[PDB]
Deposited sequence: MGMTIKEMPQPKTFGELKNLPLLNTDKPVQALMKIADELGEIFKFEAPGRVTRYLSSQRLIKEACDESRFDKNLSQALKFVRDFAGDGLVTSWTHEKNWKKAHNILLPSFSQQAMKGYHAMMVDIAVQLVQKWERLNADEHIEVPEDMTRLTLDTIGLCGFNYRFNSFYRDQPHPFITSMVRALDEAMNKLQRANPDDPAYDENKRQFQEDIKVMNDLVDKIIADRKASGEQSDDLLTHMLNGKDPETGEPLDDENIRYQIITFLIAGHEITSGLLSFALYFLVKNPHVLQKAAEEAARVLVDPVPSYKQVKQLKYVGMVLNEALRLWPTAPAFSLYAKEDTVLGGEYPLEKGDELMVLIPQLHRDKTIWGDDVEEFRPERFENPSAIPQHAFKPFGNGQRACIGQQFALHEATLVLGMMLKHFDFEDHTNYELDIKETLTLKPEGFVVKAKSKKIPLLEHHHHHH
């Protein structure tokens, strides 16, 4: 019989996720129950997988396909049939996947690099301009970086996050829609009048996002400009299979999807990376030495960012410990037995990435230690042991983008500043649909290296 955490009568396990930190709650359950536990909610059953042994099987795409978790299903209300919230069998998935893959390749990063540098330099400049008495709100600034980077590379839009403390109206709505999607996970009687105004606000936020993104698309189509951004690629792309381009609605969903992905999901990586760097000065020194040796020019080149191997290891080790897209869902395409012990019927598994990444049978007993050297040789990483970007054809299309922007800015941060964990910050991971070291603050003392 499969382990299952404590239940709450008719609510089954659902109230276990009625907590500020559900991923961490699930990790704790995984620690207690092991590599697989059943999680039941009213009208839902899933099985949380935490071991590489089981997850490797779940990642067999011949047996399991991506499932929309309840979170993804609720985000689908505004991310539509964008790539993240589409089922693999939906026409728009493969179509957009085929169209967008070349826009997200490592080679495509060469084209986004200058725009990424634009924002990265703004980040560096912000911190260069802080007064000595001041500190950095790390996740906030990382989000400024990542949001602005995806805005610029996504559709040549400047969110200008370094010019405001208040979020862009689209982001206000996106964050509130994501929050409402996450809140609806715990909503008994959704059509109750208590959650009534949440619905009105949710629809208003969906409309804000649609109107703003639709206007972006329409403005680009009307202007005819051919930027080297994702929007241009989507407006001009043709899926070789169907022969079809994405329609404007799906492009809007893709843009919404990229903005969600490139917001705190991506900035969390940077925030956790910097968190671990300041908590592990030996690592920081090693990463800083690489940044200093490699980033010999006032602005990093693409080729230099590629040489930031140890920065990449830092990022991978941050992704190991706190993958900011911490779970993905799969479903059994047919009846199948998982791991020789768990018969599954056709039709859900949750891959609990932080737990996979703590599988001592893969990583050794020191799984909680931040040791980028674990990633010194990518050959040492067994298949499916490390899956911060998900799996297979449903893996993160933005992986190279996220890692390039993260490596670039982290490299620049490490080149340009020494960092002080001046509050001896106690890791407190705030959960939305992503993870963030909430309140993580540092001081950055400029090395006074010009840009």
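Residues of the deposited sequence with no modelled C-alpha atom fall in the ranges 1-6, 354, 459-466.
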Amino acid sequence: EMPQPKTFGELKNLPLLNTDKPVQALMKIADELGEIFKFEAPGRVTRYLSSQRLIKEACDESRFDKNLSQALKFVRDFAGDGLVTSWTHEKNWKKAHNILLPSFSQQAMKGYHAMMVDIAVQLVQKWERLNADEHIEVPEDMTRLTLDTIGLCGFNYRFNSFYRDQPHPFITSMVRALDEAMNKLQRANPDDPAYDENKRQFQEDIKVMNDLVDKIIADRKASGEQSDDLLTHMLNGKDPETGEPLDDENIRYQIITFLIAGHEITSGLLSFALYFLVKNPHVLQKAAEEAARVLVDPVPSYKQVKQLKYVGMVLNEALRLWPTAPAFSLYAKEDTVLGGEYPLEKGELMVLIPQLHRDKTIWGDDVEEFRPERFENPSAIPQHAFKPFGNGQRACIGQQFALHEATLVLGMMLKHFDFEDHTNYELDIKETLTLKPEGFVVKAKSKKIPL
From here on, numbers count along this sequence of modelled residues.
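In this entry, 295-303 has the higher mean Cα B-factor, the comparison being between 295-303 and 279-287.
As recorded in the PDB entry, 330-338 is the stretch of 330-338 and 123-131 with the greater mean C-alpha temperature factor. Reading the B-factor column for the CA atoms of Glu405, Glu32, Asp418, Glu61 in the entry, the top value corresponds to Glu32. Per the PDB entry, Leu11 shows the highest C-alpha temperature factor of the residues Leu11, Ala25, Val442, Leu435. When the modelled residues of the chain are ordered by their C-alpha B factor, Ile216 lands in the highest third.
Looking at the C-alpha B-factors along this chain, the one for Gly411 belongs to the lowest third.
Per-chain ranking of the deposited C-alpha B factor places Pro139 in the lowest third. When the modelled residues of the chain are ordered by their C-alpha B factor, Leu68 lands in the middle third. The PDB entry assigns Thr242 a C-alpha temperature factor belonging to the middle third of its chain's modelled residues.
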